[PDB]
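Just one chain follows, in the form deposited in one PDB entry, and it is written as structure tokens.
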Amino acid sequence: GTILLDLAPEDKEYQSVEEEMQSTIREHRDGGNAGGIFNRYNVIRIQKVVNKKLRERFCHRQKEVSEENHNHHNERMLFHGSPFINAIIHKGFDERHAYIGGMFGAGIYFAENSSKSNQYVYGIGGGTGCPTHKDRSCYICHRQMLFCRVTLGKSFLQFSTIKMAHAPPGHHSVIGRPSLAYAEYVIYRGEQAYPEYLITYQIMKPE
């Protein structure tokens, strides 16, 4: 099955991830409502995720995309936030659990910003917050999110909202961009993301 490797805070890889996570915070048009109000994360733990059968599926699908797109699979590290991280680290992302209702349809949703994904950790628009306090802005309950390798191949740039079941013909990903507040990345096959890093953390209260 799946194996989680603890990264030590002195591991360069640990700081690499934290750095990405911390710096990619932005303030939102919420009032920080859904993800909660903060400027910084307390990172409790970071584990690297290792799963043979998942990696084999990811690697092969890259090949495919690489042929379809002039030998460049265009892999980017992006954050994912949702309630189903636990499923995801043993099984992998799975488009069968993605439905048409989403902002861009039956895709799996990522972000270049940590703080974007943190809005989705307890559901769409924060659902009813953390299990235990019903608080979108719990500064105590441990949150989880993922820092993934995503195979984008050839992205179809999108500006308004459109609902679609699959990637558009000739493309391998959608990107929804500004004029929308921050960048969103959407794939429509689970094998085009590998959950490389599991981050456990809390959001800190400003003074």
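Just count from 1 along the sequence shown to find any residue number. In this text, rigid core is short for the largest set of C-alphas that superpose within 1.5 Å between two forms.
Trainee: Checking the other PDB entries that cover both flanking residues: does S179 lack coordinates in at least a third?
Mentor: Looking at the other entries that model residues on either side of it, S179 is missing from at least a third.
Trainee: I'd like to know the size of any gap between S179 and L180, counted in deposited residues with no coordinates: none, 1 to 3, 4 to 9, or 10 or more.
Mentor: Per the deposited record, the segment joining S179 and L180 lacks coordinates for 1 to 3 residues.
Trainee: So which stretch wins on mean C-alpha B-factor, 125-133 or 75-83?
Mentor: Mean B over CA atoms: larger for 125-133.
Trainee: When the Cα temperature factors in the entry are averaged, is it 86-94 or 100-108 that ends up higher?
Mentor: Between 100-108 and 86-94, it is 100-108.
Trainee: When the CA B-factors of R149, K163, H172, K48 are compared as recorded in the entry, which is the largest?
Mentor: Each of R149, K163, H172, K48 was compared by C-alpha B-factor; the highest is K163.
Trainee: Pull the Cα B-factor of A183 out of the PDB entry and bin it into the chain's lowest, middle or highest third.
Mentor: Highest third of the chain for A183's C-alpha B-factor.
Trainee: Would the CA B-factor of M145 place it in the lowest, middle or highest third of its chain?
Mentor: Lowest third - that is where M145 ends up once the chain's C-alpha B-factors are sorted.
Trainee: Within this chain's modelled residues, let me know which third the CA B factor of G32 belongs to: lowest, middle or highest.
Mentor: Highest third of the chain for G32's C-alpha B-factor.
There is another form of the same protein, the form deposited in another entry; it is not shown, and what comes next is about it.
Trainee: Superpose on the core and compare between this form and the one not shown; which one of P83, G129, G105, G92 crosses the 2 Å Cα shift mark?
Mentor: Single hit from the list, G105.
Trainee: If we fit on the core, is the Cα of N39 displaced 2 Å or more between this form and the one not shown?
Mentor: Comparing the forms between this form and the one not shown, which are aligned on their rigid core, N39 does not shift its C-alpha by 2 Å or more.
Trainee: Rigid core fitted, then: does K163 show a CA shift of 2 angstroms or greater between this form and the one not shown?
Mentor: Yes, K163 moves 2 Å or more.
Trainee: Looking in that other deposited form, decide if the C-alpha atoms of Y99 and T128 are closer or farther than in the form shown; they differ by 3 Å or more.
Mentor: Relative to the displayed form, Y99 and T128 draw closer in that other deposited form - a change of at least 3 Å between their C-alphas.
Trainee: Compared with this form, is the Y99-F110 Cα separation smaller or larger in that other deposited form, the difference being 3 Å or more?
Mentor: Closer together, by at least 3 Å.
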